[PDB]
Structures are given as structure tokens and as C-alpha cells.
């Protein structure tokens, strides 16, 4: 009769103590002018990726895309964010937000974007946003005037090479965003899994009070899973008359992940990802249902509450 973890909360069954952070991972090498996977809702649609087995002939509706005003990308250096901000300012006169979707603790050491990485990038798994940000604040401050090892991950998601330096400057992403002329909003979402009801309730309350001309620049570490999930959510919220298929196809075709059904295939070492991919597919459909069934009364019922009374099925 009693279910321990409902669909949409599978990650709650994992043990945080088994994925604690152990290294400052390099989030971006700063070689390119812009972060990776940079895209906006004003962009032209491209051919779908073969791995998703989609209909390349299909022409998704672009209804509402010109007025959507959102973008997404991977993590960035401060110089890259300034370049992003400049580009977005050519598209709007409203406030531009850096919507940081990363639960992992991260920041900038001597201007270098880094994150405290644990296995599966789950160093803050299970923490409330309050606890995750306290960890981040503590770790960043502790790095000042201290020697740190910053490294990119290579074979088997372990450090490979990198550099050692005695830190002279520490900055939070909020500071870097403000320096780039962007407003900042943080949603502490766990890497690789469906955002939690807490994450989404927070996002919806934030969305509700945005000025009509607000531009949302979403980002995560790679600019794929989490970034696309929130871009899809925003598209659905702002353009409720658009079909689920059109939303999923167009968010994929401008450069994001495809959040519909597809032949999931993983290497043996990544088999743990499989059920999380299936969970996101089911939850994307359930969020669409939430939008359709609650927009009429102006979303009086929060997503978390509605989901508990309308649980998703595997």
C-alpha cells in the first residue's frame, strides 16, 4: 500500500554519502567566445539528432517562439557570460536573467569557473537549496589564499592533468552575473535527474512575477539535461496552445536534448542513467498535463501539491 518514493523522486532513494565531492572540476576552459550548446528561442530549427530516432521531415510549429525570449547554455567563464549578455541585449530591452540550475557547489577561483565534483556530479544530492548554497558559500570562501587543484575530468570521470594554484580571488556566480549586467536566480537542481517538486515550485513562483519582457538565460554544467528541462517547461507555460510534440521537437531542434520517447542506449558504465532518462520522459508528460489542467485558474495549485494528488506512472 505504501510507496517509499514516487515517480519523479527516484533519486531520493540514492545515498548522498556515496557521492561526496572530492575535486574542483574545471567547468569551462575558456577557449571559445561563448559557452557550449548556446542557443536561443529565436534560432532556426536544425535537423534532429540521429540518436533520438525522430521524423526529420516533421516541421514543428514555431507558434510563440518569437515572443518566448529564452536561451540556454553550458557553464561559462566571466568573459563568456559577458559575450552572452551582449548578444542577448541585441534581442531585448527587458531584464536578462542568468537562471543557474546547478545544485552542485560552484563558483569562480581567479576567474576560473569551477565546481565541487563528486561521483555522478552528486556532491550536493539530497541537500535542501539552503544547505547546498551554504556548502557552496563555505567552500568558495575557504579557497581564498589557499592552494587548490583544478582539473578537467577525463577517462572514467576522474581528474586528468589540470593545474595547481594559490587562489587570490573568489566569486560566486551571482557576482559574475551581476558584473555582466544580468539578474541572477538560482534553482539547485541535481545533475542527470528530473528536477524535484521543490525545484519546480520555486521556478513557477519566480516565473509568475517576471516582467512581460524578461529574458531567461538558463544554464547547467553541459547545457543539456537540466537546461533543456527548464526551457521545455517555460515553453509549455508560455505557449500552452502548442502541442507536446511541437514543444519537444522544437526545443530539441534549436540545440537542446529531446525529452520525448526514444531508444535509450547507454554504455555499461552508464547503465545507472537508464531509469533516470525514463523517469524524465514520464515527468515531462506529467508536467505538460499540469500546465494544461491548471492554467485556467491561474495555477492556484502548486506543482508539488498537484503532483501528490496526481502521481505519475512508470
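Residue numbers count along the first chain shown, from 1.
For the pair 275-283 and 49-57, the mean B factor over Cα atoms is greater in 49-57.
Mean C-alpha B-factor is higher over 75-83 than over the other stretch, the pair under comparison being 97-105 and 75-83.
Reading the B-factor column for the CA atoms of 189, 134, 123, 210 in the entry, the top value corresponds to 210. In this entry, the residue among 205, 244, 180, 232 with the greatest C-alpha B factor is 180. Split the chain's modelled residues into thirds by C-alpha temperature factor. Residue 292 is in the middle one.
Among the modelled residues of its chain, residue 163 has a C-alpha B-factor that falls in the highest third according to the deposited record. Per the deposited record, the Cα B-factor of residue 266 falls in the highest third when ranked against the other modelled residues of its chain. Among all modelled residues in its chain, residue 68 ranks in the middle third by Cα B-factor. Among the modelled residues of its chain, residue 200 has a C-alpha B-factor that falls in the lowest third according to the deposited record.
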